[PDB]
Q: 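The structure's right below; bear with me while I get my questions together.
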Amino acid sequence: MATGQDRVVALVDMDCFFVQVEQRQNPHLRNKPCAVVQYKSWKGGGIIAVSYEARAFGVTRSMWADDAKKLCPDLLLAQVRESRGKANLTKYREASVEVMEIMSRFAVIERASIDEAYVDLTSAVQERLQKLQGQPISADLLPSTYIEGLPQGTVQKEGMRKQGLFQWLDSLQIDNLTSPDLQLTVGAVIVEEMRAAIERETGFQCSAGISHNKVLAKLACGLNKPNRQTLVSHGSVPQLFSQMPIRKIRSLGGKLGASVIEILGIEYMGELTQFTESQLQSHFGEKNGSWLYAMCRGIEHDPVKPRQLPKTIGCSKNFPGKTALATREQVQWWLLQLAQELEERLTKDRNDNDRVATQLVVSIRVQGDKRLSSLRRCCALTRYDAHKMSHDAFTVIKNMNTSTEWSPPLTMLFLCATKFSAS
DNA sequence: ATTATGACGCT
DNA sequence: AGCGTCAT
């Protein structure tokens with residue numbers, strides 16, 4: 001008939017990663033309300049990462065620092081580095097590389113963002129099942145693992161975890177669960193080990209979710225934070241989904257999700273099972289329809305792509321609102337600034353990863369535009385030279401000036417190296 | 001004036 | 001190729 005349980009996939013998330021990096025570096029920041037901020041003068045600078053001690057007070061991403069101090073007077077703040085008049089994330093990219101390299105020892109890794117990796121454990125699980133000469137799995141192996149939906153049928157939370165885990169293993173040991181449930185379990189054992197190795201070797205804690213696909217792994221990861229992991233089995237999906245808002249599933253958090261809500265007249269992920277594949281296809285098109293039909297039953301095929309390195313390297317800076325760029329000499333200077341950071345990062349890349357970028361994408365925004373990008377233009381990237389690239393980015397945007405004066409002003413500059421080639 | 005990134009889809 | 005959506 002059908003089955004969507006052949007893979008074991010994990011999604012790991014470095015808990016408030018930027019804060020961890022700063023906290024490792026500055027011991028005084030550890031186990032305290034803490035946040036990372038970039039810039040300082042306009043309203044204290046924007047928060048981009050928040051510790052759980054801080055979140056408890058209601059501090060969030062995309063909050064001005066001055067407002068964050070109101071919610072949390074004892075909030076400690078670390079400031080992102082500033083080179084060539086802009087924020088620079090090199091410390092965090094390098095800290096991110098430390099982690100990915102440890103992760104690749106265990107399994108195939110897909111870098112999803114600077115703080116998230118997807119992990120395909122299917123092969124590692126099979127091997128591990130030989131290594132265990134029929135040996136049964138004890139709770140001692142899963143010391144930070146939650147089993148979603150369990151226990152079924154004590155006050156402290158660790159108390160609840162224990163009970164859920166014991167119920168699951170007792171059922172596993174007596175052949176009441178399924179083969180895929182065994183595979184997920186073994187998968188979770190490997191993730192504990194992977195998570196223990198990350199912490200020993202970097203000092204960074206993190207959360208993780210384990211299921212049969214990427215969407216479920218990412219959802220599972222969020223169920224129990226910080227520094228805990230959660231196992232979502234195929235059998236838990238109907239209950240989990242029955243009360244799970246559509247927007248919390250990955251890729252339904254925007255307009256597609258909003259239109260699924262208002263067109264079909266539903267709220268929760270489970271409610272999609274009522275509809276036929278063709279029906280969903282008729283509202284949202286062929287690709288989305290098919291994907292929704294299977295996803296709401298806990299089935300997804302999107303593979304874990306083997307890719308530790310990013311496939312584009314870019315520099316970006318916004319210039320709002322009166323800060324907008326208005327002269328030619330000024331536009332050249334920021335282009336030069338962005339280019340110089342881009343050069344340094346490209347060289348480090350070539351030495352590290354045996355590859356060369358070949359294309360330069362230049363993107364722009366003008367004041368009072370309906371869209372986060374106004375124009376996007378390409379040119380050839382032949383040599384790692386800031387002046388060349390800056391001069392060229394100027395060449396492909398020169399025509400957008402309507403008026404030594406630049407009108408209308410530029411609210412955004414962006415330079416991205418792409419189309420990488422080995423050697 | 002919710003940054004500075006980064007992935008992938010549609011046409 | 002250029003633009004849009006979706007993430008942190």
Side-chain angles (χ1 to χ4, degrees), chain A residues 11 13-19 36-39 41-50 60-68 79-80 82-83 85-93 96 110-118 214-215 218 221-222 247 249 251-254 256-259 284-286 288 291 302-305 307 309-321 323-324 337-338 341-342 345 359-364 368-369 371 373-374 377-380 396 409 411-420:
Chain A
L11 177 277
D13 185 341
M14 304 298 96
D15 298 324
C16 50
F17 187 48
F18 286 22
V19 164
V36 166
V37 68
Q38 80 189 353
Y39 306 115
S41 286
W42 181 269
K43 301 199 172 158
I47 304 293
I48 68 180
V50 199
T60 66
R61 293 191 91 254
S62 84
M63 192 168 171
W64 299 115
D66 289 349
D67 296 338
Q79 198 171 346
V80 167
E82 226 160 327
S83 316
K86 62 181 301 310
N88 174 64
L89 315 179
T90 300
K91 192 197 288 184
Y92 314 107
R93 291 197 186 89
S96 178
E110 180 181 350
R111 192 201 186 271
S113 59
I114 194 172
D115 49 1
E116 283 184 11
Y118 285 100
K214 295 162 67 155
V215 167
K218 210 267 165 65
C221 186
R247 72 173 170 283
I249 281 70
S251 87
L252 293 185
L256 186 59
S259 55
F284 317 112
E286 180 181 294
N288 293 332
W291 180 86
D302 192 65
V304 180
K305 285 85 186 168
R307 183 175 52 76
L309 309 162
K311 67 179 75 185
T312 56
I313 303 179
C315 279
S316 179
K317 182 154 176 60
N318 300 351
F319 303 91
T323 262
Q337 270 11 254
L338 290 183
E341 191 202 325
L342 191 59
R345 283 168 61 189
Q359 189 176 62
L360 182 67
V361 182
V362 61
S363 181
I364 235 71
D369 196 74
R371 274 148 344 133
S373 170
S374 291
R377 297 288 197 273
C378 279
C379 65
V396 292
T411 50
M412 196 267 291
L413 290 177
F414 178 63
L415 289 185
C416 194
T418 62
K419 299 209 179 303
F420 269 103

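Quick note on labels: first sequence line is chain A, next is B, and so on, each numbered from 1. Note: hydrogens, waters and symmetry copies are ignored here, and every other heavy atom, side chains too, is used.
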Q: Could you check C416(A) against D302(A) and say which one's nearest nucleotide on DNA chain B is further toward the 5' end?
A: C416(A)
Q: Under a 3.5 Å cutoff on both atom distances, Watson-Crick or G-U, what's the dot-bracket for DNA chain B ([ ] crossing, | other strand)?
A: ....|||||||
Q: Among the candidates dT5(B), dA4(B), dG2(C), find the nucleotide nearest to the side-chain atoms of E341(A).
A: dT5(B)
Q: For the side chain of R61(A), starting at C-beta, report the closest nucleotide among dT3(B), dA4(B), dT2(B).
A: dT3(B)
Q: Quick check on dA1(C): is either OP1 or OP2 less than 4.0 Å from any side-chain nitrogen or oxygen of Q359(A)?
A: yes
Q: Measure from the side-chain heavy atoms of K305(A) and tell me the nearest of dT3(B), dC8(B), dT8(C).
A: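 The nucleotide sitting nearest to the side chain is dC8(B).
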Q: To the nearest angstrom, how far is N288(A) atom CG from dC10(B) atom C1'?
A: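 Atom CG in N288(A) sits about 11 Å away from atom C1' in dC10(B).
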Q: Can you tell me if the side-chain N/O atoms of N318(A) get under 4.0 Å from OP1 or OP2 in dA4(B)?
A: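 True: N318(A) side-chain N/O within range (under 4.0 Å) of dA4(B) OP1/OP2.
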Q: List in chain and number order the residues that pass side chain to side chain donor-acceptor pair (under 3.5 Å) with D67(A), two or more places apart in sequence or in another chain; answer none if no residue qualifies.
A: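 With sequence neighbours excluded, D67(A) shows a side chain to side chain donor-acceptor pair (under 3.5 Å) to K70(A), given in chain and number order.
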Q: Starting at atom CD1 of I114(A), determine the distance to atom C1' of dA7(B), rounded to an integer number of angstrom.
A: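 Whole-Å distance recorded here is 14 Å.
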Q: Could you check how far CZ of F284(A) sits from P of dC6(C), rounded to whole Å?
A: 13 Å
Q: Can a side chain N or O of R93(A) be found less than 4.0 Å away from OP1 or OP2 on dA4(B)?
A: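 For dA4(B), OP1/OP2 do not have a side-chain N/O of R93(A) under 4.0 Å.
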Q: Atom CZ of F319(A) and atom P of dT2(B): how far apart are they, to the nearest Å?
A: 17 Å
Q: Name the closest nucleotide to the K218(A) side chain, picking from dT2(B), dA1(B), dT8(C).
A: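 Nucleotide nearest to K218(A)'s side chain: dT8(C).
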Q: Please give, in whole Å, the distance from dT5(B) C1' to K317(A) NZ?
A: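 Computing the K317(A):NZ to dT5(B):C1' distance gives 13 Å.
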Q: Scan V50(A), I48(A), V36(A) and name whichever one has a side chain to side chain contact (heavy atoms under 4.5 Å, CB included) with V19(A).
A: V36(A)
Q: Give, for atom CD1 of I313(A) and atom CZ of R93(A), the distance between the pair rounded to the nearest 0.5 Å.
A: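 Here the rounded value is 8.5 Å.
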Q: What I'd like to find out is whether the side chain of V304(A) reaches to under 4.5 Å of the side chain of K214(A), using heavy atoms alone.
A: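 Sidechains of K214(A) and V304(A): in contact.
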Q: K311(A) side chain N/O closer than 4.0 Å to the phosphate oxygens (OP1, OP2) of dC8(B)?
A: yes
Q: For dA7(B) and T312(A) - does any side-chain N or O of the residue sit under 4.0 Å from the phosphate oxygens OP1/OP2?
A: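 Affirmative; the distance criterion is met.
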Q: Taking CZ from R111(A) and P from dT5(B), how many angstroms apart are they, rounded to a whole number?
A: 12 Å
Q: Using the side-chain heavy atoms of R371(A), tell me which of these nucleotides is nearest: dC8(B), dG4(C), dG2(C).
A: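 Between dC8(B), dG4(C), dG2(C), the one nearest the side chain of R371(A) would be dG4(C).
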Q: Does the side chain of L360(A) come within less than 4.5 Å of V396(A)'s, by heavy atoms?
A: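 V396(A) vs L360(A): side chains apart.
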Q: Looking at the side chain of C378(A), which of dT3(B), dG2(C), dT5(B) is the nearest nucleotide?
A: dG2(C)
Q: Side chains of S251(A) and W291(A): closer than 4.5 Å at any heavy-atom pair?
A: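 They are in side-chain contact.
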Q: Say we look at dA7(C) and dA1(B): how far apart would their P atoms be, to the nearest angstrom?
A: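 The answer is 23 Å between these two P atoms.
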Q: I'd like the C1' distance from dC6(C) over to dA4(B), given in whole Å.
A: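 Pairwise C1' distance, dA4(B) against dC6(C), rounds to 15 Å.
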Q: According to side chain to side chain donor-acceptor pair (under 3.5 Å), who are the partners of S316(A), at least two apart in sequence or on a separate chain?
A: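 Listed in chain order: nothing, the list is empty.
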Q: Do any side-chain nitrogens or oxygens of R345(A) fall under 4.0 Å of OP1 or OP2 in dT5(B)?
A: yes
Q: Taking only side-chain nitrogens and oxygens of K214(A), does any of them come within less than 4.0 Å of OP1 or OP2 of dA7(B)?
A: no
Q: Closer than 4.0 Å, any side-chain N/O of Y39(A) to the OP1 or OP2 of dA4(B)?
A: yes
Q: Whole angstroms only, please: what is the CG-P distance between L338(A) and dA4(B)?
A: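 After rounding, the reported distance stands at 10 Å.
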Q: May I ask you to decide if the ring planes of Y92(A) and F18(A) are parallel, tilted or perpendicular, using 30° and 60° as cut-offs?
A: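 Ring orientation, 0 to 90° scale: parallel.
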Q: Provide, to the nearest angstrom, the distance between the CG atom belonging to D115(A) and the P atom belonging to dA4(B).
A: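 My rounded result for the distance is 17 Å.
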Q: If the test is side-chain hydrogen bond (donor to acceptor under 3.5 Å, both in side chains), which one of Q38(A), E341(A), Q337(A) qualifies with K86(A)?
A: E341(A)
